[PDB]
Amino acid sequence: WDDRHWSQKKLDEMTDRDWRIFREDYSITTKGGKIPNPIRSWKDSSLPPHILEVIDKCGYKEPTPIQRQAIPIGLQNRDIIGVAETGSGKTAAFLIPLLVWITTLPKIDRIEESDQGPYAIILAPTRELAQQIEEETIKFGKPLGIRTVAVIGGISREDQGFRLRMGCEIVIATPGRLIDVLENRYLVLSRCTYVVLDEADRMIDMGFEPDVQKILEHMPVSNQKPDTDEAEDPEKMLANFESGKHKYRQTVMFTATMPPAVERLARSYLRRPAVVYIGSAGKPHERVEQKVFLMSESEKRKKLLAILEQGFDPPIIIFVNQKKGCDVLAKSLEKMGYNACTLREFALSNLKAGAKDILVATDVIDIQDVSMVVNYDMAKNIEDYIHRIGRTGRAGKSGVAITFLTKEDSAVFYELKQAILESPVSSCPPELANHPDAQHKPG
Ligand SMILES: [Hg+2]
C-alpha cells in the first residue's frame, strides 16, 4: 500500500524492491556476492564529514552511477572491475575510498621517517588520460594534504626525477614510463595498498600487456588478498578495510570491454572482484552474462539435468521453440523431482512465492527478475533471443543466460556471436566465435 518512489523515502525505509528500482533508475548492473547498497546521495552516504566537505567544495553535487555503486564496495576493501567509459566519473569512484582510508589512519600510523613510495598507484594507458586523472587527483588531494606525483612521458626527466625525490601518497603513471622507473629503482612499491588499472582494454590494444605484467611483479606479494570466498565476505573485508595500515591491498580495473587479454590481467591482478557495469538498459546482451554449449539435439536433456543438479536460484526460466516441447520437457523435470510450471497469473504467484522453481515457456506477460534463463532451444532470430535473456532483469544482478546451440541454429550464429562479443560481462566463446557458420551474415 506504500507506493512511493524510493526517492520519496528515507534510507532506512528502502526495501528490496526500492533497491531494484534504484538500480534500474541508474542502470547499475552488478556481479559478485553480497554487494553493498549503492549511495543514494552524498548526505545519505556514510562518508566521513571531512570527506564530504571536500566533495561538496569540489562541486560534485551528486554521485554518478559508477560512483554510487563502486564507492561502497571500495569501502569494504573489495576488488572491482568497473565497466564504464571515461567521462562517467570513474576517477572519483576509485579516489574516494582511498582518501577515506589514508586520512583515517592514526597519526602514529601515518608516521614514517623513511620515504617508502606511494600508498597508491593509478596506471593509465596514455599521457593524455594520466594528466586528466592527475588534475582531478590534485584537486581532491591537496585540500586533504595528500601529495600526487605524475610519472609519465612528455615531461622532462629533471622535473620528473626531482619530484620523485620529495615523497608522495599517490603516483599516477603510464606503463612504459613506470616500468623504466621501477627497473632503475627511482621508485618503489613498499607501502602500496591500492592498485588501479584505468582503460585496461586500451592498454591491451597498445601492446602494454607484458609491461603491465612486469609492473605487477614489483608489488609485494604478501599483501594480496587470499583467493577464497572470504575475499568477498563483507563483514570480513570491512573489518580488514578498517584494520588501517595492515589491510590487504585492493585493486580496481576499469575497462569498456573484456577481451581475453583483459580477463588475463584480471585473473592475475584481482581476487574475487565485484563487477559494476553501467548502462545498456535497452540492450540486455551487453549487460547479461551469456554462456553457450554446442551440442547435438539428443544431448540437450542430459546437459540441462547436469546444470540443474549444480543447483540454482529459483525461479529460473527455460525457453523452448514449440508448445509441445514446453509440455514434454516440463513433464520430465517433474519426473526428476522438480517443481515446474508450463506456459496464467497463477503460475507466477507460485514462482514468486517459491512454490514452483522452474518455468518452462515458448517465445509467447510480466514476471520477476530471474537469476538464470536457459535457451534449451535457441531462438530463431536474435530479437527473440534478446527479449529472453532480458528476463534476468533490467539491472541489478547480471544473471546468466545459457544457450544450447545445434547445427539447426546456424542461421543465428553470426548475430549470436555479435551479441556475446558486445557483452563485457560475458567471456568470449571461441567455440562460437571461431565457428565456420558464425563468420558471415546469414543469407
Ligand atoms: Hg601499486
# chains A, B, ... in the order shown; residues from 1 in each chain; ligands from 1
>>> residues_around(residues="segment 278-285 of chain A", least_positions_apart="3", cutoff="6 Å", atoms="only C-alpha atoms", output="compact mmCIF listing (two decimals) with C-alpha atoms, in the first residue's frame")
# COMPACT_ATOMS: atom_id res chain seq x y z
CA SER A 27 21.36 1.45 -14.91
CA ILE A 28 23.52 -0.28 -12.34
CA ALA A 84 32.18 2.28 -17.92
CA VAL A 288 23.64 -10.08 -19.22
CA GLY A 390 16.33 -9.70 -20.80
CA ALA A 419 25.59 -10.37 -29.11
CA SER A 423 28.91 -8.23 -23.82
>>> closest_atom_pairs(of="chain A", to="ligand 1", cutoff="7 Å", atoms="only C-alpha atoms and all ligand atoms", output="Markdown table")
| residue | atom | partner | partner_atom_place_in_ligand_line | distance |
| --- | --- | --- | --- | --- |
| A:120 | CA | ligand 1 | 1 (Hg) | 5.2 |
| A:121 | CA | ligand 1 | 1 (Hg) | 4.1 |
| A:189 | CA | ligand 1 | 1 (Hg) | 6.1 |
| A:192 | CA | ligand 1 | 1 (Hg) | 5.0 |
| A:193 | CA | ligand 1 | 1 (Hg) | 6.7 |
| A:194 | CA | ligand 1 | 1 (Hg) | 5.7 |
| A:195 | CA | ligand 1 | 1 (Hg) | 4.3 |
| A:219 | CA | ligand 1 | 1 (Hg) | 6.5 |
>>> write_last_selection(atoms="N, CA, C and O atoms", output="JSON list (two decimals), in the first residue's frame")
[["chain", "number", "residue", "atom", "x", "y", "z"],
["A", 120, "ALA", "N", 49.37, 4.39, -3.17],
["A", 120, "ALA", "CA", 48.54, 4.02, -4.34],
["A", 120, "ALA", "C", 49.20, 4.33, -5.66],
["A", 120, "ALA", "O", 49.87, 5.36, -5.82],
["A", 121, "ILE", "N", 49.01, 3.43, -6.62],
["A", 121, "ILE", "CA", 49.38, 3.72, -7.99],
["A", 121, "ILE", "C", 48.18, 3.62, -8.93],
["A", 121, "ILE", "O", 47.43, 2.63, -8.89],
["A", 189, "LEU", "N", 57.46, 0.21, -4.52],
["A", 189, "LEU", "CA", 56.06, 0.00, -4.15],
["A", 189, "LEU", "C", 55.95, -0.65, -2.76],
["A", 189, "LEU", "O", 55.13, -1.52, -2.53],
["A", 192, "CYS", "N", 52.40, 0.30, -1.04],
["A", 192, "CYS", "CA", 51.27, 0.41, -1.93],
["A", 192, "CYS", "C", 50.22, -0.56, -1.48],
["A", 192, "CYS", "O", 50.50, -1.73, -1.32],
["A", 193, "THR", "N", 49.01, -0.07, -1.29],
["A", 193, "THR", "CA", 47.91, -0.91, -0.83],
["A", 193, "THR", "C", 46.70, -0.73, -1.76],
["A", 193, "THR", "O", 45.60, -1.20, -1.47],
["A", 194, "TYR", "N", 46.94, -0.06, -2.89],
["A", 194, "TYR", "CA", 45.89, 0.35, -3.80],
["A", 194, "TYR", "C", 46.46, 0.33, -5.20],
["A", 194, "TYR", "O", 47.41, 1.01, -5.50],
["A", 195, "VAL", "N", 45.87, -0.48, -6.07],
["A", 195, "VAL", "CA", 46.35, -0.60, -7.43],
["A", 195, "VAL", "C", 45.19, -0.28, -8.38],
["A", 195, "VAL", "O", 44.13, -0.92, -8.29],
["A", 219, "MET", "N", 55.17, -5.47, -7.15],
["A", 219, "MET", "CA", 54.33, -5.30, -5.96],
["A", 219, "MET", "C", 54.67, -6.39, -4.94],
["A", 219, "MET", "O", 54.88, -7.53, -5.32]]
>>> select_by_dssp(residues="segment 163-389 of chain A", states="helix (DSSP H, G or I)", output="ChimeraX atom specification")
/A:163-165,175-183,200-205,209-216,221-223,229-232,234-242,244-246,260-269,284-287,297-309,323-335,345-353,382-389
>>> residues_around(residues="residue 374 of chain A", least_positions_apart="4", cutoff="12 Å", atoms="only C-alpha atoms", output="PDB file with N, CA, C and O atoms, in the first residue's frame")
ATOM      1  N   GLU A 289      25.161 -11.839 -18.522  1.00  0.00           N
ATOM      2  CA  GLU A 289      26.189 -12.852 -18.771  1.00  0.00           C
ATOM      3  C   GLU A 289      25.644 -14.013 -19.635  1.00  0.00           C
ATOM      4  O   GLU A 289      24.664 -14.670 -19.284  1.00  0.00           O
ATOM      5  N   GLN A 290      26.283 -14.256 -20.773  1.00  0.00           N
ATOM      6  CA  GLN A 290      25.816 -15.288 -21.685  1.00  0.00           C
ATOM      7  C   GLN A 290      26.828 -16.420 -21.869  1.00  0.00           C
ATOM      8  O   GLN A 290      28.038 -16.178 -22.042  1.00  0.00           O
ATOM      9  N   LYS A 291      26.318 -17.650 -21.830  1.00  0.00           N
ATOM     10  CA  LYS A 291      27.149 -18.850 -21.996  1.00  0.00           C
ATOM     11  C   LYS A 291      26.474 -19.750 -23.021  1.00  0.00           C
ATOM     12  O   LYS A 291      25.246 -19.834 -23.037  1.00  0.00           O
ATOM     13  N   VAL A 292      27.275 -20.394 -23.866  1.00  0.00           N
ATOM     14  CA  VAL A 292      26.749 -21.300 -24.888  1.00  0.00           C
ATOM     15  C   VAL A 292      27.441 -22.665 -24.833  1.00  0.00           C
ATOM     16  O   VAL A 292      28.618 -22.765 -24.470  1.00  0.00           O
ATOM     17  N   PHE A 293      26.676 -23.686 -25.182  1.00  0.00           N
ATOM     18  CA  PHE A 293      27.152 -25.042 -25.353  1.00  0.00           C
ATOM     19  C   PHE A 293      26.699 -25.528 -26.697  1.00  0.00           C
ATOM     20  O   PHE A 293      25.488 -25.568 -26.960  1.00  0.00           O
ATOM     21  N   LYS A 300      20.720 -32.434 -25.367  1.00  0.00           N
ATOM     22  CA  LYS A 300      20.169 -31.335 -24.584  1.00  0.00           C
ATOM     23  C   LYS A 300      19.648 -31.727 -23.196  1.00  0.00           C
ATOM     24  O   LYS A 300      19.884 -31.005 -22.210  1.00  0.00           O
ATOM     25  N   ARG A 301      18.955 -32.866 -23.103  1.00  0.00           N
ATOM     26  CA  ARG A 301      18.254 -33.168 -21.855  1.00  0.00           C
ATOM     27  C   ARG A 301      19.226 -33.491 -20.716  1.00  0.00           C
ATOM     28  O   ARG A 301      19.055 -33.035 -19.562  1.00  0.00           O
ATOM     29  N   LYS A 303      22.400 -32.450 -20.595  1.00  0.00           N
ATOM     30  CA  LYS A 303      23.159 -31.239 -20.222  1.00  0.00           C
ATOM     31  C   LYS A 303      22.311 -30.377 -19.306  1.00  0.00           C
ATOM     32  O   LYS A 303      22.806 -29.867 -18.323  1.00  0.00           O
ATOM     33  N   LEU A 304      21.023 -30.235 -19.615  1.00  0.00           N
ATOM     34  CA  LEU A 304      20.131 -29.480 -18.721  1.00  0.00           C
ATOM     35  C   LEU A 304      20.164 -30.064 -17.317  1.00  0.00           C
ATOM     36  O   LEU A 304      20.426 -29.357 -16.349  1.00  0.00           O
ATOM     37  N   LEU A 305      19.942 -31.372 -17.208  1.00  0.00           N
ATOM     38  CA  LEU A 305      19.952 -32.033 -15.903  1.00  0.00           C
ATOM     39  C   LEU A 305      21.237 -31.784 -15.147  1.00  0.00           C
ATOM     40  O   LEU A 305      21.204 -31.482 -13.960  1.00  0.00           O
ATOM     41  N   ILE A 307      23.246 -29.296 -15.431  1.00  0.00           N
ATOM     42  CA  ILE A 307      23.169 -27.911 -14.988  1.00  0.00           C
ATOM     43  C   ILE A 307      22.269 -27.759 -13.766  1.00  0.00           C
ATOM     44  O   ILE A 307      22.694 -27.197 -12.741  1.00  0.00           O
ATOM     45  N   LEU A 308      21.043 -28.258 -13.857  1.00  0.00           N
ATOM     46  CA  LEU A 308      20.120 -28.193 -12.725  1.00  0.00           C
ATOM     47  C   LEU A 308      20.702 -28.824 -11.451  1.00  0.00           C
ATOM     48  O   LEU A 308      20.551 -28.280 -10.357  1.00  0.00           O
ATOM     49  N   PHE A 312      20.431 -24.052  -8.349  1.00  0.00           N
ATOM     50  CA  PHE A 312      20.139 -22.724  -8.876  1.00  0.00           C
ATOM     51  C   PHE A 312      19.384 -21.828  -7.889  1.00  0.00           C
ATOM     52  O   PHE A 312      18.972 -22.271  -6.813  1.00  0.00           O
ATOM     53  N   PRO A 315      13.231 -18.278  -8.961  1.00  0.00           N
ATOM     54  CA  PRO A 315      12.844 -19.142 -10.080  1.00  0.00           C
ATOM     55  C   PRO A 315      13.787 -18.958 -11.268  1.00  0.00           C
ATOM     56  O   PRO A 315      14.513 -17.962 -11.350  1.00  0.00           O
ATOM     57  N   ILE A 316      13.776 -19.921 -12.179  1.00  0.00           N
ATOM     58  CA  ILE A 316      14.516 -19.782 -13.416  1.00  0.00           C
ATOM     59  C   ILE A 316      13.540 -19.980 -14.560  1.00  0.00           C
ATOM     60  O   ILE A 316      12.424 -20.457 -14.354  1.00  0.00           O
ATOM     61  N   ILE A 317      13.935 -19.583 -15.761  1.00  0.00           N
ATOM     62  CA  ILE A 317      13.096 -19.826 -16.923  1.00  0.00           C
ATOM     63  C   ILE A 317      13.842 -20.619 -17.979  1.00  0.00           C
ATOM     64  O   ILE A 317      14.970 -20.292 -18.300  1.00  0.00           O
ATOM     65  N   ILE A 318      13.180 -21.620 -18.555  1.00  0.00           N
ATOM     66  CA  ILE A 318      13.748 -22.402 -19.646  1.00  0.00           C
ATOM     67  C   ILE A 318      12.878 -22.132 -20.838  1.00  0.00           C
ATOM     68  O   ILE A 318      11.668 -22.299 -20.756  1.00  0.00           O
ATOM     69  N   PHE A 319      13.474 -21.693 -21.938  1.00  0.00           N
ATOM     70  CA  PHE A 319      12.707 -21.422 -23.153  1.00  0.00           C
ATOM     71  C   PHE A 319      12.867 -22.555 -24.150  1.00  0.00           C
ATOM     72  O   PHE A 319      13.978 -23.079 -24.320  1.00  0.00           O
ATOM     73  N   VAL A 320      11.756 -22.891 -24.816  1.00  0.00           N
ATOM     74  CA  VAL A 320      11.724 -23.804 -25.955  1.00  0.00           C
ATOM     75  C   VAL A 320      10.940 -23.216 -27.140  1.00  0.00           C
ATOM     76  O   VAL A 320      10.147 -22.275 -26.989  1.00  0.00           O
ATOM     77  N   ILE A 358      10.864 -23.743 -11.471  1.00  0.00           N
ATOM     78  CA  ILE A 358      11.188 -23.689 -12.893  1.00  0.00           C
ATOM     79  C   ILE A 358       9.982 -23.402 -13.774  1.00  0.00           C
ATOM     80  O   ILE A 358       9.010 -24.152 -13.768  1.00  0.00           O
ATOM     81  N   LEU A 359      10.077 -22.327 -14.550  1.00  0.00           N
ATOM     82  CA  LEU A 359       9.100 -22.021 -15.578  1.00  0.00           C
ATOM     83  C   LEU A 359       9.574 -22.479 -16.961  1.00  0.00           C
ATOM     84  O   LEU A 359      10.599 -22.018 -17.454  1.00  0.00           O
ATOM     85  N   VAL A 360       8.818 -23.364 -17.598  1.00  0.00           N
ATOM     86  CA  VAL A 360       9.112 -23.723 -18.982  1.00  0.00           C
ATOM     87  C   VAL A 360       8.186 -22.903 -19.873  1.00  0.00           C
ATOM     88  O   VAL A 360       7.018 -22.729 -19.542  1.00  0.00           O
ATOM     89  N   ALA A 361       8.707 -22.380 -20.983  1.00  0.00           N
ATOM     90  CA  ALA A 361       7.934 -21.461 -21.812  1.00  0.00           C
ATOM     91  C   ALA A 361       8.456 -21.314 -23.246  1.00  0.00           C
ATOM     92  O   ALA A 361       9.629 -21.592 -23.521  1.00  0.00           O
ATOM     93  N   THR A 362       7.565 -20.862 -24.135  1.00  0.00           N
ATOM     94  CA  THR A 362       7.880 -20.525 -25.530  1.00  0.00           C
ATOM     95  C   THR A 362       7.977 -19.004 -25.701  1.00  0.00           C
ATOM     96  O   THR A 362       7.708 -18.255 -24.766  1.00  0.00           O
ATOM     97  N   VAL A 370      14.942 -12.901 -12.979  1.00  0.00           N
ATOM     98  CA  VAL A 370      15.426 -14.249 -12.695  1.00  0.00           C
ATOM     99  C   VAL A 370      16.947 -14.332 -12.685  1.00  0.00           C
ATOM    100  O   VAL A 370      17.636 -13.567 -13.365  1.00  0.00           O
ATOM    101  N   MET A 378      17.523 -22.770 -29.082  1.00  0.00           N
ATOM    102  CA  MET A 378      17.926 -21.403 -29.410  1.00  0.00           C
ATOM    103  C   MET A 378      16.809 -20.724 -30.202  1.00  0.00           C
ATOM    104  O   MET A 378      16.144 -21.375 -31.009  1.00  0.00           O
ATOM    105  N   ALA A 379      16.592 -19.431 -29.961  1.00  0.00           N
ATOM    106  CA  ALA A 379      15.592 -18.643 -30.712  1.00  0.00           C
ATOM    107  C   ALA A 379      15.900 -18.615 -32.210  1.00  0.00           C
ATOM    108  O   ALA A 379      17.048 -18.804 -32.622  1.00  0.00           O
ATOM    109  N   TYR A 385      15.797 -13.809 -28.944  1.00  0.00           N
ATOM    110  CA  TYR A 385      16.854 -14.191 -28.016  1.00  0.00           C
ATOM    111  C   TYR A 385      17.101 -13.037 -27.001  1.00  0.00           C
ATOM    112  O   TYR A 385      17.154 -13.252 -25.779  1.00  0.00           O
ATOM    113  N   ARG A 388      14.395 -12.763 -24.498  1.00  0.00           N
ATOM    114  CA  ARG A 388      14.511 -13.825 -23.496  1.00  0.00           C
ATOM    115  C   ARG A 388      15.529 -13.531 -22.412  1.00  0.00           C
ATOM    116  O   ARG A 388      15.245 -13.617 -21.228  1.00  0.00           O
ATOM    117  N   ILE A 389      16.745 -13.230 -22.802  1.00  0.00           N
ATOM    118  CA  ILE A 389      17.770 -13.116 -21.785  1.00  0.00           C
ATOM    119  C   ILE A 389      17.509 -11.840 -20.933  1.00  0.00           C
ATOM    120  O   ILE A 389      18.001 -11.716 -19.788  1.00  0.00           O
ATOM    121  N   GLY A 390      16.699 -10.937 -21.479  1.00  0.00           N
ATOM    122  CA  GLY A 390      16.328  -9.702 -20.797  1.00  0.00           C
ATOM    123  C   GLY A 390      15.549  -9.968 -19.524  1.00  0.00           C
ATOM    124  O   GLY A 390      15.386  -9.077 -18.672  1.00  0.00           O
ATOM    125  N   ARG A 391      15.086 -11.211 -19.391  1.00  0.00           N
ATOM    126  CA  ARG A 391      14.323 -11.646 -18.229  1.00  0.00           C
ATOM    127  C   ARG A 391      15.162 -11.809 -16.954  1.00  0.00           C
ATOM    128  O   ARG A 391      14.611 -12.031 -15.878  1.00  0.00           O
ATOM    129  N   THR A 392      16.487 -11.772 -17.068  1.00  0.00           N
ATOM    130  CA  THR A 392      17.297 -11.733 -15.857  1.00  0.00           C
ATOM    131  C   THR A 392      17.135 -10.383 -15.133  1.00  0.00           C
ATOM    132  O   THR A 392      17.618 -10.221 -14.008  1.00  0.00           O
ATOM    133  N   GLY A 399      22.791 -11.875 -13.694  1.00  0.00           N
ATOM    134  CA  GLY A 399      22.139 -13.130 -14.037  1.00  0.00           C
ATOM    135  C   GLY A 399      22.872 -13.852 -15.163  1.00  0.00           C
ATOM    136  O   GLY A 399      23.897 -13.356 -15.658  1.00  0.00           O
ATOM    137  N   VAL A 400      22.361 -15.016 -15.572  1.00  0.00           N
ATOM    138  CA  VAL A 400      23.059 -15.820 -16.574  1.00  0.00           C
ATOM    139  C   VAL A 400      22.099 -16.348 -17.584  1.00  0.00           C
ATOM    140  O   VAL A 400      21.004 -16.824 -17.216  1.00  0.00           O
ATOM    141  N   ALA A 401      22.477 -16.281 -18.858  1.00  0.00           N
ATOM    142  CA  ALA A 401      21.658 -16.937 -19.906  1.00  0.00           C
ATOM    143  C   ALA A 401      22.507 -18.002 -20.557  1.00  0.00           C
ATOM    144  O   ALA A 401      23.597 -17.719 -21.068  1.00  0.00           O
ATOM    145  N   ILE A 402      22.034 -19.240 -20.483  1.00  0.00           N
ATOM    146  CA  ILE A 402      22.756 -20.396 -21.040  1.00  0.00           C
ATOM    147  C   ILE A 402      22.021 -20.882 -22.271  1.00  0.00           C
ATOM    148  O   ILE A 402      20.811 -21.118 -22.222  1.00  0.00           O
ATOM    149  N   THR A 403      22.738 -21.010 -23.391  1.00  0.00           N
ATOM    150  CA  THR A 403      22.095 -21.371 -24.642  1.00  0.00           C
ATOM    151  C   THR A 403      22.652 -22.667 -25.211  1.00  0.00           C
ATOM    152  O   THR A 403      23.882 -22.825 -25.337  1.00  0.00           O
ATOM    153  N   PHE A 404      21.757 -23.592 -25.552  1.00  0.00           N
ATOM    154  CA  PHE A 404      22.152 -24.836 -26.236  1.00  0.00           C
ATOM    155  C   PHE A 404      22.078 -24.573 -27.725  1.00  0.00           C
ATOM    156  O   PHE A 404      21.010 -24.224 -28.239  1.00  0.00           O
ATOM    157  N   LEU A 405      23.212 -24.674 -28.408  1.00  0.00           N
ATOM    158  CA  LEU A 405      23.270 -24.444 -29.848  1.00  0.00           C
ATOM    159  C   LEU A 405      23.479 -25.776 -30.567  1.00  0.00           C
ATOM    160  O   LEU A 405      24.312 -26.581 -30.148  1.00  0.00           O
TER     161      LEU A 405
END
>>> closest_residue(among="A:415, A:2, A:53, A:85", to="residue 198 of chain A", atoms="only C-alpha atoms")
A:85
>>> closest_residue(among="A:310, A:8, A:30, A:46", to="residue 275 of chain A", atoms="only C-alpha atoms")
A:30
>>> residues_around(residues="segment 111-118 of chain A", least_positions_apart="5", cutoff="9 Å", atoms="only C-alpha atoms", output="VMD selection string")
chain A and resid 106 148 164 to 171 187 to 193
>>> write_last_selection(atoms="N, CA, C and O atoms", output="CSV table (one decimal), in the first residue's frame")
chain,number,residue,atom,x,y,z
A,106,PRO,N,45.5,6.4,11.9
A,106,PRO,CA,46.0,7.0,13.2
A,106,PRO,C,47.3,7.8,12.8
A,106,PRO,O,48.1,7.3,11.9
A,148,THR,N,50.4,14.1,-4.8
A,148,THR,CA,50.3,13.3,-6.0
A,148,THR,C,51.4,13.6,-7.0
A,148,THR,O,51.7,14.7,-7.3
A,164,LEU,N,60.2,13.1,-7.8
A,164,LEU,CA,60.2,11.8,-7.2
A,164,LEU,C,60.9,11.8,-5.8
A,164,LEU,O,60.5,11.2,-4.9
A,165,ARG,N,62.0,12.6,-5.7
A,165,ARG,CA,62.8,12.6,-4.5
A,165,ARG,C,62.0,13.1,-3.3
A,165,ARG,O,62.3,12.7,-2.1
A,166,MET,N,60.9,13.9,-3.5
A,166,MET,CA,60.2,14.5,-2.4
A,166,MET,C,59.2,13.6,-1.6
A,166,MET,O,58.9,14.0,-0.5
A,167,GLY,N,58.9,12.4,-2.1
A,167,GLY,CA,57.9,11.6,-1.4
A,167,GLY,C,56.5,11.9,-1.8
A,167,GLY,O,56.2,13.1,-2.0
A,168,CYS,N,55.6,10.9,-1.8
A,168,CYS,CA,54.2,11.2,-2.1
A,168,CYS,C,53.3,10.1,-1.6
A,168,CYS,O,53.7,9.0,-1.2
A,169,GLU,N,52.0,10.3,-1.8
A,169,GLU,CA,51.0,9.4,-1.4
A,169,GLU,C,50.4,8.6,-2.6
A,169,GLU,O,50.1,7.5,-2.5
A,170,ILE,N,50.3,9.3,-3.7
A,170,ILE,CA,49.7,8.7,-4.9
A,170,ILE,C,50.6,9.0,-6.1
A,170,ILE,O,51.1,10.1,-6.3
A,171,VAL,N,50.9,8.0,-6.9
A,171,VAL,CA,51.5,8.1,-8.2
A,171,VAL,C,50.6,7.8,-9.3
A,171,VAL,O,49.8,6.8,-9.2
A,187,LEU,N,61.9,4.5,-7.8
A,187,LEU,CA,60.7,4.5,-7.1
A,187,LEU,C,60.4,3.1,-6.7
A,187,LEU,O,60.6,2.1,-7.4
A,188,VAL,N,59.8,2.9,-5.5
A,188,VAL,CA,59.5,1.5,-5.0
A,188,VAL,C,58.0,1.4,-4.6
A,188,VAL,O,57.3,2.4,-4.3
A,189,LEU,N,57.5,0.2,-4.5
A,189,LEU,CA,56.1,0.0,-4.1
A,189,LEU,C,56.0,-0.6,-2.8
A,189,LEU,O,55.1,-1.5,-2.5
A,190,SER,N,56.8,-0.2,-1.8
A,190,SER,CA,56.8,-0.8,-0.5
A,190,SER,C,55.5,-0.7,0.3
A,190,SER,O,55.2,-1.7,1.1
A,191,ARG,N,54.8,0.4,0.3
A,191,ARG,CA,53.6,0.6,1.1
A,191,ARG,C,52.3,0.7,0.2
A,191,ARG,O,51.3,1.2,0.7
A,192,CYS,N,52.4,0.3,-1.0
A,192,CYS,CA,51.3,0.4,-1.9
A,192,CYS,C,50.2,-0.6,-1.5
A,192,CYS,O,50.5,-1.7,-1.3
A,193,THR,N,49.0,-0.1,-1.3
A,193,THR,CA,47.9,-0.9,-0.8
A,193,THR,C,46.7,-0.7,-1.8
A,193,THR,O,45.6,-1.2,-1.5
